[PDB]
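This one's a deposited entry, sequence included:
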Amino acid sequence: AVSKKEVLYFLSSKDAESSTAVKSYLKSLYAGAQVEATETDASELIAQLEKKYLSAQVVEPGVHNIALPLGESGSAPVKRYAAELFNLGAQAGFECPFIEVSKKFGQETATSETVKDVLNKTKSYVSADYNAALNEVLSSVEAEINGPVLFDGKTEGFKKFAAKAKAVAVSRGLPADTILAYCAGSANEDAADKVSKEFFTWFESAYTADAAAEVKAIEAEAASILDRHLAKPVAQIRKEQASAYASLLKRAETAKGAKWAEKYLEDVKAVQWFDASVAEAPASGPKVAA
Amino acid sequence: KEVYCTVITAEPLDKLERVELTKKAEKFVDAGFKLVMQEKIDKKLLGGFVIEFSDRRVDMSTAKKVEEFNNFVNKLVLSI
Amino acid sequence: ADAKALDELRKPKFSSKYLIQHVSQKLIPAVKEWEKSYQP
Amino acid sequence: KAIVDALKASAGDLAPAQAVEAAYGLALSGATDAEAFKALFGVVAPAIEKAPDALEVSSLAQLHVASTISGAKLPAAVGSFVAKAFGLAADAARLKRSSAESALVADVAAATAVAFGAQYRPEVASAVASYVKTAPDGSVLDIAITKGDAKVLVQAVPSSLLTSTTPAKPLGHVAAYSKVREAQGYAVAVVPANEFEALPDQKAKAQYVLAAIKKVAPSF
């Protein structure tokens, strides 16, 4: 059963084992059951923590239903893979990734008064060879000020930094003037769409190149895992993979009554159904009731 | 029969934000002692107050609450 | 037995989702009571 | 009314998910021809009884809008179930709030607390926590005020429910939500954020919200 905060996260979700939890709840409200009152409680810390642990119950089955585009040629299987993660994060309640990491910067550094503190409280979320490349620019601009640069914007010393911080961002490859003119808007919507269509060709070149960099790491992890495995004899592999299957059944068979472990062994029995159903008719595949 | 103290807050206080502040701070002194005040601003605190009695400090700020919250959550999920 | 379904077969099997749920059922009631009993 | 003329005649050419979006967009546009809504609900309501779970909950909420604005009644098991499913799809759109709709609701709830008289920072923060009464269908209303038996609801509509053109009027989906909340006992004063966040100061933002409530319910 659900606690109604799960079933509100599973309404716009699309995966299987959540939508059969929604369809079983939507059939119960139809049969004369009353809907629970949604609690207007658990102030800002518990409210943003339940969002962390309810969106991860939408992301986690959703990531497993997204086929990686490994060993593929072209940019369209990466634009498929990234768009499946865009539409997955939207079903889990996330916003656009540009909107969601810019929210992460202003959350970490609401009280950062110096530019060296905003470069060290948003350190985990910026590429480290870009964060370091903004420290040679911060140390160069610190020479002509000889005082700490403040996070003001109206300060002239911040404009001396942002004259050379923008100089890195174009050299990194990202058009900072098309980013900044997108999030500022424009007056007329005709020239607001000339910057919208140049932000979204950066952004589509942005979300692809790190969806592709996520694939090329899985391609290089699977090729180093396989080439470590092709060097073994076949008898070593058969007993190494039989102990790992035994110790991980045993970890789920010791934990009894837990929800995850009794759902784990229903997956082992459903894997064995797939092998048993293919073994009965292998030119057609598994048998679906249809 | 006084207590000299310093309240460091994130924003300058209102006329009622002070009156609710002393009534909570009045049970940190072990008498009906009049903690006089001192007012300071520190936007590094995320709202709330921290009161330093010059022998002990009570940190009821939110920026100490949201880091003591995370220290309890990250301790608890390392068990579960 | 045989010939199960489609919506039973569409679920990804060994995803976590129930460790995340088991943590969220043991973190949230154990931290809802922490915020209502907290003084520094 | 050439469009509603086709819909009373050809409503067997539609799937139940297509007839809900047919009836909803009529009721949002102010269609009174209840023989069309008898035709459009004769596709939907037989489908909901044999399968209540076949339609998505966002389309069950579009049916409760269509059956309350036009007023054409549903079957007795369906019309209460579609009334429960408006509480779900309005709650799920509250949990997955855009964080500019969260920052606008807490900005409007601040500007409707100082409109009702709150001169200090600790006075608003206990008032905005009192506005979050729950709806009669189990939902959560962010800014719900009661004076005796008279209720006003304040609605904030950020940009996501505004038209993308220059006058920037809100879309039809917010009059959908208002006219359902009005039929539960409320008076919905819409606060559009192209107008609300145009104001320079908080007291001017209170002069926007209090002008919006009295032009809707003058008892407040």
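Done, it's in. Residues are numbered from 1 along each chain as shown, chains lettered A, B, ... in the order given.

So is stretch A:258-278 next to chain B?
No. Legend: contact between stretch A:258-278 and chain B by CB under 8 Å from any CB of the partner chain is lacking; minimum distance shown is 11.2 Å. C-betas here are computed from N, CA, C, even on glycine.

distance between that stretch and the chain's centre?
27 Å (CA atoms, centre = their mean, to the nearest Å).

Enumerate the positions of it that are buried.
Residues A:260-261, A:263-264, A:268, A:273, A:277 are the ones in stretch A:258-278 that count as buried (16 or more other CB atoms under 10 Å in any protein chain shown).

TSV for those, including distance to residue D:20 and secondary structure?
Shown next, in TSV, are the buried residues of stretch A:258-278 (distance: CB to CB, whole Å; DSSP: H, G, I helix; E, B strand; the rest coil):
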residue	distance to residue D:20	secondary structure
A:260	38	helix
A:261	42	helix
A:263	35	helix
A:264	39	helix
A:268	41	helix
A:273	37	helix
A:277	38	helix
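
Save those residues as TSV, and put in distance to residue C:27 too.
As requested, these are exported to TSV (distance: CB to CB, whole Å):
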residue	distance to residue C:27
A:260	14
A:261	18
A:263	19
A:264	20
A:268	27
A:273	34
A:277	39
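
Strands along chain D, start to end?
D:144-147, D:150-157, D:188-192 (DSSP state E).

residues in chain C within reach of chain A, list them.
So chain C meets chain A at C:2-24, C:27-28, C:31-32, C:35 (CB under 8 Å from any CB).

Now do the buried residues in stretch D:199-219.
Neighbour count says stretch D:199-219 has D:205-206, D:208-210, D:212-213, D:216-217 buried, by 16+ other CB under 10 Å.

secondary structure element for the most centrally placed residue in chain B?
Against the mean C-alpha coordinate of chain B, by CA atoms, centre = their mean, the closest residue is residue B:50 at 2.8 Å. Assigned by DSSP states H and E, residue B:50 falls within strand B:49-52.

Can you list the helices and strands that that strand packs against?
Contact here means 3 or more CB pairs under 8 Å, 6 or more residues apart in numbering or on different chains; DSSP states H and E; on that basis strand B:49-52 packs against strand B:6-9, strand B:57-59.

Contact residues of chain A facing chain B?
So far as CB under 8 Å from any CB goes, chain A lies against chain B at A:45, A:49, A:110-111, A:113.

does residue D:144 really touch residue D:151, like I thought?
Yes. Between residue D:144 and residue D:151 there is a contact under CB atoms under 8 Å: 6.7 Å.

Which neighbours do the two have in common?
Residues touching both residue D:144 and residue D:151 (CB atoms under 8 Å, 6 or more residues apart in numbering or on different chains) are residue D:186.

follow-up on the earlier one: list of residues touching the strand holding residue B:50?
With CB under 8 Å, 6+ apart, strand B:49-52 has contacts from B:5-9, B:21, B:25, B:28, B:57-61, B:64.

so what strands line up beside it?
strand B:6-9 (antiparallel), strand B:57-59 (antiparallel) (DSSP bridges).

ok, back up a step: from the contacts of strand B:49-52, list just the buried residues.
Neighbour-count burial (16+ other CB under 10 Å) applied to those gives B:5-9, B:21, B:25, B:58-61.

residues contacting residue 15?
Looking at chain A here, since you left the chain open. If you count contacts by CB under 8 Å, 6+ apart, then residue A:15 has A:58, A:61-62, A:65, C:10-12 around it.

Hmm, no, I was thinking of chain C.
Listed by CB under 8 Å, 6+ apart, the contact set of residue C:15 reads A:60-61, A:63-64.

on that earlier part again, which members of the buried residues of stretch A:258-278 additionally contact chain C?
Residues of the buried residues of stretch A:258-278 in contact with chain C (CB under 8 Å from any CB): A:260, A:263-264, A:273, A:277.
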